[PDB]
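Student: 3D, please:
(5 chains, ligands or ions: 5)
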Amino acid sequence: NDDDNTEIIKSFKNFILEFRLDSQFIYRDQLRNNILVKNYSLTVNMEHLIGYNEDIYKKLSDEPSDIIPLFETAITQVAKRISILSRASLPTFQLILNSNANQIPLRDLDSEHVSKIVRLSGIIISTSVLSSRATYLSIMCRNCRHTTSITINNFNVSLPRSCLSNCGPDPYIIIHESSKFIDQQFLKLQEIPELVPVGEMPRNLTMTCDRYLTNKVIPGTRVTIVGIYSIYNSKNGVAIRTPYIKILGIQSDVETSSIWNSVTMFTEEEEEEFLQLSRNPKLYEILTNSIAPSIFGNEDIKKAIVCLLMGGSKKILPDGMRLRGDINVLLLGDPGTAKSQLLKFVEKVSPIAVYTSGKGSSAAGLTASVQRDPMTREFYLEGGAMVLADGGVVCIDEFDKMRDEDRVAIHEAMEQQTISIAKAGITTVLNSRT
Amino acid sequence: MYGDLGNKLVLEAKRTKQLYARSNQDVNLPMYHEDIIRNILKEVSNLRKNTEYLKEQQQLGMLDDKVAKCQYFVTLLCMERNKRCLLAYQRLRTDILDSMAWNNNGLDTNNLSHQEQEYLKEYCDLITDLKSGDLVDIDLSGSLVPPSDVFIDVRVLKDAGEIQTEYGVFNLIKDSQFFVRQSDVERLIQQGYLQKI
Amino acid sequence: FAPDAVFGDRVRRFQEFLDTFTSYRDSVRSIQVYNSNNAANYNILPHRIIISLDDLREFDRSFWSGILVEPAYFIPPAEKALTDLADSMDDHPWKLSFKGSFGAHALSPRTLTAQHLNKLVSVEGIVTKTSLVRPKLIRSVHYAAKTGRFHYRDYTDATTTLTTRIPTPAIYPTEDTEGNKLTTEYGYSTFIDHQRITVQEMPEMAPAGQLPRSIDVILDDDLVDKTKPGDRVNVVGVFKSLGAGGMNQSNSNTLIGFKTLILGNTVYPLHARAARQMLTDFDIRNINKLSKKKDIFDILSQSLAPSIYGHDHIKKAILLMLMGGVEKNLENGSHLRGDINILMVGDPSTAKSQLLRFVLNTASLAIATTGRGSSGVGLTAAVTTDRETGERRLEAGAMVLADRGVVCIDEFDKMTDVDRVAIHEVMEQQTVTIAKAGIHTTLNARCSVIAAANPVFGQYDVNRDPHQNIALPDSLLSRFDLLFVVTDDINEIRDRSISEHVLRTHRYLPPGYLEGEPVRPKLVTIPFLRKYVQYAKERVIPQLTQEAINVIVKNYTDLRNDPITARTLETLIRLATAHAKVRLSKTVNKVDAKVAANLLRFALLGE
Amino acid sequence: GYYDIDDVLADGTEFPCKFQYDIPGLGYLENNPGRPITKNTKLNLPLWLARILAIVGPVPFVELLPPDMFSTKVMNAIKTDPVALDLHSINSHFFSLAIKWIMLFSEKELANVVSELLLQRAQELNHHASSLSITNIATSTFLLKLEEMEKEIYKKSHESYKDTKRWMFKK
Amino acid sequence: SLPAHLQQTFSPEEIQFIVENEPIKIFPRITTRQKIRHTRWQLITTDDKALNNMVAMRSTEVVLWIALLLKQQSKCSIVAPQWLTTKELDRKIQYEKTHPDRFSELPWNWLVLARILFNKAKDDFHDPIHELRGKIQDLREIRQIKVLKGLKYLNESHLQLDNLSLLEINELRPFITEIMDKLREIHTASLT
Ligand SMILES: Nc1ncnc2c1ncn2[C@@H]1O[C@H](COP(=O)(O)OP(=O)(O)NP(=O)(O)O)[C@@H](O)[C@H]1O
Ligand SMILES: Nc1ncnc2c1ncn2[C@@H]1O[C@H](COP(=O)(O)OP(=O)(O)NP(=O)(O)O)[C@@H](O)[C@H]1O
Ligand SMILES: [Mg+2]
Ligand SMILES: [Mg+2]
Ligand SMILES: [Zn+2]
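Tutor: Numbers count the residues shown, from 1 in each chain, chains lettered A, B, ... in the order given. Ligands and ions are numbered 1, 2, ... in the order given. Pasting the structure now:
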């Protein structure tokens, strides 16, 4: 078996070391450039893997859960060969996959896709904390102190049942000092709204990412995913098991504020395009034309909507006082004056936004709500529309039909940019920059 | 305080430096800050009036060997600082104008001061004086990318009709393409009529 | 490479370090002689040293980076060497603590990451969900009744040790090897106090639209109870994993991770923008120097909220409320409160919320609340099950967390009345009483409430009476010391003044930022003002005096014999006592009573 | 350079000064031309002025107090972790100002520490300058913590690498 | 008058121009040597004789820009220098792996000439060109590791870089000189 695994590993080593287009060894260069900035991963385009040697892609797509670890191993060996002098240490490199295969919509994924590489898209509705998973367990026997170690690959693992040569019935314990761990995050992906069938409730999948794919995306972002559609045996029918996606690649339509507040991401070409756009003399008129272009007239409202999107400048003073930077606009008036259509456009164009209707809202449902975590039996705080809109806009349509004590709950978050909760023994002032 | 307007002006200098340094083309340099400069020059005139007042009052003699020495030294240093800020701003915009001269005019005018406009004229006159004198066999205003290819394909990007060259013609038909000696068309690549390589 | 072979060299290098930086030897001996004196004199300092980590770097960078990056192999030899130093002093294991310059190891519960496991880290955050304190068994001793020997047994778990020693099942011996019956000897057996706290990320730091992360800290022996919930803290300790992480095959779940902790080595309380500020003799002398300026009360109150125009009488009342009068205890334990309770009710955009936010940033201990966002239970205290043990336990609410501090309440009239029914005991008795879940207790809530509200109508209606303008019951309004009514009443001169002030306020630029770059007549500074308030709260308890009483009774009778009630009198006494604290004076005097009456006259009459 | 704009800006930063004499008329430094400056007045002055008043006097007219950017706190932060440190938040021109301060008061300790800082940050800076696209968040964060001095060195270095890569792979 | 990016270094194109002035061995596919039994090259930067006396497949040495100008047409084939072969590049790789401190004595123009000839003379190599590209890549990667190790020892005093290429030097120049300059400025500032 390990002879064949060695041949697979050598085949991938050759793919990294030999693949070349227009005089550039793109994977050698990418691996080196990643090593210098100390991200130990490689992004592979499966078009290139198919083009190199379609037998390799056949092995990978037949059984990715066995072949992806071997590819990662190959990447480690090349990483050492191109960044450490041979005969004068690095972790196991994550493999990230880019693909243009035909997507399966989230609702169509089923038993025929188990253990296959799958491509899909949706909106991330939740992101859990960074749990820790072992890559390498240092192990020893509780009685005779036989010491060994278990390398782990996270594609579906256990300790051994009895000692590897009396030691008692269940003999092994972990040694955490010499064991190694990685970040693991859970995301919940909900299917695209315009792809939901007629009269159906929108379906969602739990899915996991690890190493450098953690914290890459945040709730509300629309994403496309490459991953192994796979199963886990929950503690809860008969012979029934929970589906999930082991993520191998994430590609958001755009990246915004995922784990960054002062950091940014812009290319030189788009920065220069924005710079020469900023210098245009008719810029305000062009932006006003861009707002809701199929809505006639309402020019001062469109001008105000540009101002609301842009916002002012937030300020913090030696007093300690904070001055509100964002802008609030109310459209009050007659029926069919395109107010709701304008709110729809603003929710569509803003980089961060939420749309709610006042009669569909709640005080908690808007600012933030207390929840009880069921198996912990303990209270925690979950964000409402103001939290999800933080750093952007909340479009409160149908505002006059909001119940008054729901309406009053907006006051602090609307002026002080904060939500002062005091409930169930929780006391916090969450930020809401909306 | 007397240094502040100089700091505002050289922060302006730094921002226009970054504006010019971010791109391959000559970015059109921003407006000449006449208002901040006039505020500085008026501030310098006030500092001069203070030196005049003090050098008058050294006839009246108040503690002058130290106190008048100190007041004079401080106001003198304020004037040195304001001179440095003014000259830093003007030297940067001079440098950018010299660059633009060699790049184009030696082969947006509202943004210059009149001294800068006539300076740019005189500097172009100087560049032309060099390439018109001795060393004339080299077009000193030419490019500084080495000649990699003697024959090039060039696609006609804008129409200009029939023009002669040293031993022939080009009819610059829109979206026609030539295969031609680079030295016979370089002027038109610089002038933006021809596209490739 | 095996750790034991290098333990001796590491020990002698830390011994050479301690010998070199002899301030640590002096500290060890100071602790020892203090404890010896207090043991004999019939309260005890712990066997713990804070080493400046900079000193250890400048001594030996290799050992320093060993403490940072491999503490499980470098702290035990350092603590052994320290214990040997303490042993070398004339006539128990000594522990270490660390301060300074952690660099990349300075983190928060968000950016603490699996790459940091088993390293020494410093985390900044806010404490929540402190467990009960429990004794943790570490050694048990047993008298073998027939054999006569004292047998013993050590114990281990993943929290007791920096390295993963084999576990011990917490079972007490009962029989000798020969089968002789054992008896456990408490008092010779050894237990450490153990406490588990959740440090939460500071909400100001959490990125856009994400909620605060949190991590669990373990504290042992003298570190226990060094913090309560709501404390902003910096914790230093070893970030660790523990448990099986589902690798034990009884757990079918493939995806769950390992539990992780910080094993704490020191705990620093914070209010940097320290919870208690240190005062140099220079600070003492400056504080006294300023107190003799004839109009110091005006200087300090003008120095409050310098970005708020006007509202002079409110800022004066706020200053006296930060410096509340002395609490009285009388016969049969009868009690008179010393807090000053303020209600700002008035028109919108009259800086009521901004004044609350200034107070929140200026008091030593302030808890923010808002009317809709506050439950009555979330305000007093809430019953929860402590998952560490399974017992019903109280979680302190805002009024209890602000004890010996202040509470800020914005949008106060927007509260539901079953919330305001829970306000009454705090105002009237400085306490809250619980009678539910089989828990029957009373908790201290001794704090100045300052609150902001609007009238029942959107703006104050001068055609109608205060009880008709103001939503709250008279049974609640009478409990506030000062009821302020403010209005945004239009006037060109005042509008010009406030406008040009607000434009100066909005034209501010903090240091070092470029023009237009986004952010990441004598008056005292806010740090100075915070120090002055701490000084006056700690070091002066003004005594009432007859010359002040004469002014007080004259003014009280005059105010009453023209809304006034019996409670107005001790409010005047409190305001006078607090103004005596502003003067740093051991006595209340006629000046204090005059200012107190002037300010309460403003509040009542709109003078 | 006299016209070196980043030097003109660096000279505009301010340092804590303690005056050594009672001098009439200089109160405009204290925002009132009609009053004296007094001995042991502690005041922040721009370095283009503070540099001179600390040498002319005899006792010089000004003593320069130790600025916070070279305090023991900052030096210890430097000496633990040079690459993680946010020098830009300490002072945007910290290296130019350190060079001026070392020259103004010959100080071997600070010269060594600033040399160590520069070298250890130059390694990381070269790593981010050498890595090229085929911006990375790990690079995008590090460039915030660079001084204007280091940002200039980074742009020049990274442009050199990018130009070389361009020439090698594009015909 | 000189662009900002050319102030204190060479562009990669200028490095190519410098390397293009080297002589190179070619097989002519034209005959210019006239028999005893018409235009001559008449150059002024380089020697005119070899071009005036070419005979087809009698190998001869000419300046590289002329060799490329001929190889742009079918009229020439450029003989690879001896170092640019699989066995020789493998020997240099083994030297690089064997001696961590030294750079192997590849000629100063090696990367530039490899780029030029792989693009303009892809059909003239005896070895399969994909292997030569692979081994040139191995060499640049290993030498870059050595460069990174070297930069840990920058000084206020001096540095030694025995066999580093012209292109590798030119790539590093606006970094090494700047950092050593600022270390000098820090050091000299401390002197009394
Ligand atoms: N100026 C306009 N230009 C184009 N379509 C318009 C315009 N005004 C109204 N409409 C159309 O009429 C409808 C407007 O609905 P809507 O956006 O709900 O208006 P509204 O102001 O929100 N009225 P209401 O929700 O009853 O208060 C849409 O179908 C629009 O296409
Ligand atoms: N006197 C003042 N000086 C400066 N700013 C002021 C003043 N009065 C109000 N403001 C500004 O008004 C804004 C709103 O202040 P805020 O404290 O929220 O008012 P408020 O009294 O709480 N109104 P409300 O919550 O609707 O009852 C802030 O940005 C203040 O800076
Ligand atoms: Mg509508
Ligand atoms: Mg308010
Ligand atoms: Zn065993």
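
Student: need the helices for chain E, in chain order.
Tutor: Per DSSP state H, chain E has helices spanning E:12-20, E:49-52, E:64-71, E:86-98, E:110-120, E:129-150, E:166-190. These are given in chain order.

Student: for those helices, which one sits closest to residue C:299?
Tutor: In this view, the helices of chain E are compared for proximity to residue C:299 by C-beta to C-beta, and helix E:166-190 is the closest at 45.3 Å. The way it works is simple: take the backbone N, C-alpha and C, and place the C-beta from them, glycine included.

Student: Enumerate every residue touching the one residue in chain E that gets nearest to ligand 4.
Tutor: With C-beta to the ion, the shortest gap between chain E and ligand 4 falls at residue E:182, namely 53.3 Å. Residue E:182 makes contacts with D:95, D:118, D:149, D:153, as judged by C-beta atoms under 8 Å, 6 or more residues apart in numbering or on different chains.

Student: try it again with 7 Å
Tutor: With contact taken as C-beta atoms under 7 Å, 6 or more residues apart in numbering or on different chains, residue E:182 is in contact with D:95, D:118.

Student: now swap in the one 4 residues further on and tell me
Tutor: Under the criterion of C-beta under 7 Å, 6+ apart, the contact partners of residue E:186 comprise D:99, D:102, D:111, D:114-115, D:118.

Student: now do residue A:418
Tutor: Contacts for residue A:418 (C-beta under 7 Å, 6+ apart) come out as A:412, A:429-432.

Student: what's the answer for residue A:161, then?
Tutor: For residue A:161, the contact set (C-beta under 7 Å, 6+ apart) is empty.

Student: Which helix or strand contains it?
Tutor: For residue A:161, there is no helix or strand it lies in under DSSP states H and E.

Student: How much space separates the spatially closest residue to residue A:144 that is not a sequence neighbour from residue A:364?
Tutor: In space, and not counting its chain neighbours, residue A:144 is closest to residue A:167: 5.5 Å by C-beta to C-beta, 6 or more residues apart in numbering or on different chains. According to C-beta to C-beta, to the nearest Å, residue A:167 stands 55 Å off from residue A:364.

Student: burial count for residue C:332?
Tutor: Neighbour count for residue C:332, taken as other C-beta atoms under 10 Å in any protein chain shown: 5.

Student: and it, which of the three is it?
Tutor: Here residue C:332 is recorded as helix under DSSP: H, G, I helix; E, B strand; the rest coil.

Student: ok, the residue nearest the centre of chain C - contacts?
Tutor: By C-alpha atoms, centre = their mean, chain C has its centre lying nearest to residue C:231, at 3.8 Å. Residue C:231 sits next to C:126-127, C:269 when contact means C-beta under 7 Å, 6+ apart.

Student: From those, list just the buried residues.
Tutor: Buried subset of the contacts of residue C:231 (neighbour count, 16 or more other C-beta atoms under 10 Å in any protein chain shown): C:126-127.

Student: circling back to that earlier point, columns distance to residue C:315 on top of the helices of chain E, output as JSON lines?
Tutor: Listed next are the helices of chain E as JSON lines, based on distance: least, C-beta to C-beta, whole Å:
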{"stretch": "helix E:12-20", "distance to residue C:315": "67"}
{"stretch": "helix E:49-52", "distance to residue C:315": "94"}
{"stretch": "helix E:64-71", "distance to residue C:315": "82"}
{"stretch": "helix E:86-98", "distance to residue C:315": "75"}
{"stretch": "helix E:110-120", "distance to residue C:315": "72"}
{"stretch": "helix E:129-150", "distance to residue C:315": "61"}
{"stretch": "helix E:166-190", "distance to residue C:315": "50"}
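
Student: Quick one: closest of these to residue C:36.
Tutor: Nearest to residue C:36, of all those, is helix E:166-190, at 50.4 Å by C-beta to C-beta.

Student: Run the angle between that closest one and helix E:12-20 for me.
Tutor: Interaxial angle of helix E:166-190 relative to helix E:12-20 (axes from the mean of the first three to the mean of the last three C-alpha atoms, to 10 degrees): 120 degrees.

Student: List the buried residues in helix E:166-190.
Tutor: Those would be E:166-168, E:170-176, E:178-180, E:182-183, E:185-187, E:189-190, for helix E:166-190 by 16+ other C-beta under 10 Å.

Student: now do stretch A:311-324
Tutor: By 16+ other C-beta under 10 Å, the buried positions in stretch A:311-324 come out as A:311, A:315, A:319-323.

Student: which ones among these are found in strands?
Tutor: Counting by DSSP state E, those place A:315, A:322-323 in strands.

Student: List the contacts of stretch C:450-468.
Tutor: Residues contacting stretch C:450-468 (C-beta under 7 Å, 6+ apart): C:321, C:342-348, C:352-353, C:356, C:359, C:406, C:408-413, C:469-471, C:474, C:485, C:487.

Student: Just the buried ones from these?
Tutor: Taking 16+ other C-beta under 10 Å as the criterion, what is buried in these is C:321, C:342-347, C:352-353, C:356, C:359, C:406, C:408-413, C:469-471, C:485.

Student: ok now the longest strand seen in chain E, how far from the chain's centre?
Tutor: As assigned by DSSP E, the longest strand anywhere in chain E is strand E:23-28. Centre-to-centre, strand E:23-28 and its host chain are 16 Å apart (C-alpha atoms, centre = their mean, to the nearest Å).

Student: go on, stretch C:216-226?
Tutor: 16 Å.

Student: same check, this time on stretch C:411-431
Tutor: For stretch C:411-431, the distance to the chain centre is 23 Å (C-alpha atoms, centre = their mean).

Student: Now do it: distance from first to last residue.
Tutor: The separation between the terminal residues of stretch C:411-431, taken as C-alpha to C-alpha, to the nearest Å, is 23 Å.

Student: One more: stretch B:176-184?
Tutor: Terminal-residue distance, stretch B:176-184 (C-alpha to C-alpha): 17 Å.

Student: Reformat the ones in strands among the buried residues of stretch A:311-324 as TSV; add distance to residue C:38.
Tutor: Formatted as TSV, those follow (distance: C-beta to C-beta, whole Å):
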residue	distance to residue C:38
A:315	53
A:322	48
A:323	53
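
Student: Export stretch C:346-365 to PDB, keeping only CA atoms.
Tutor: The C-alpha trace of stretch C:346-365 is given here as PDB (Å, rounded to 0.1, in the frame of the first residue of the first chain):
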ATOM      1  CA  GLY C 346     -35.200  66.700  28.800                       C
ATOM      2  CA  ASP C 347     -35.400  67.500  25.100                       C
ATOM      3  CA  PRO C 348     -33.500  65.500  22.500                       C
ATOM      4  CA  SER C 349     -29.900  66.400  21.500                       C
ATOM      5  CA  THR C 350     -29.100  68.000  24.900                       C
ATOM      6  CA  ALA C 351     -26.000  65.900  25.500                       C
ATOM      7  CA  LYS C 352     -27.600  63.600  28.100                       C
ATOM      8  CA  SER C 353     -26.200  60.500  26.600                       C
ATOM      9  CA  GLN C 354     -22.900  62.100  25.900                       C
ATOM     10  CA  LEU C 355     -22.600  63.100  29.600                       C
ATOM     11  CA  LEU C 356     -23.400  59.500  30.600                       C
ATOM     12  CA  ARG C 357     -20.700  58.300  28.200                       C
ATOM     13  CA  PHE C 358     -18.200  60.800  29.700                       C
ATOM     14  CA  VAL C 359     -19.100  59.500  33.200                       C
ATOM     15  CA  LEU C 360     -18.700  56.000  32.000                       C
ATOM     16  CA  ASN C 361     -15.100  56.900  30.800                       C
ATOM     17  CA  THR C 362     -14.200  58.900  34.000                       C
ATOM     18  CA  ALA C 363     -15.400  57.000  37.100                       C
ATOM     19  CA  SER C 364     -13.200  54.300  38.600                       C
ATOM     20  CA  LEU C 365     -16.000  51.700  38.300                       C
END
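
Student: I am finished for the moment; much appreciated.
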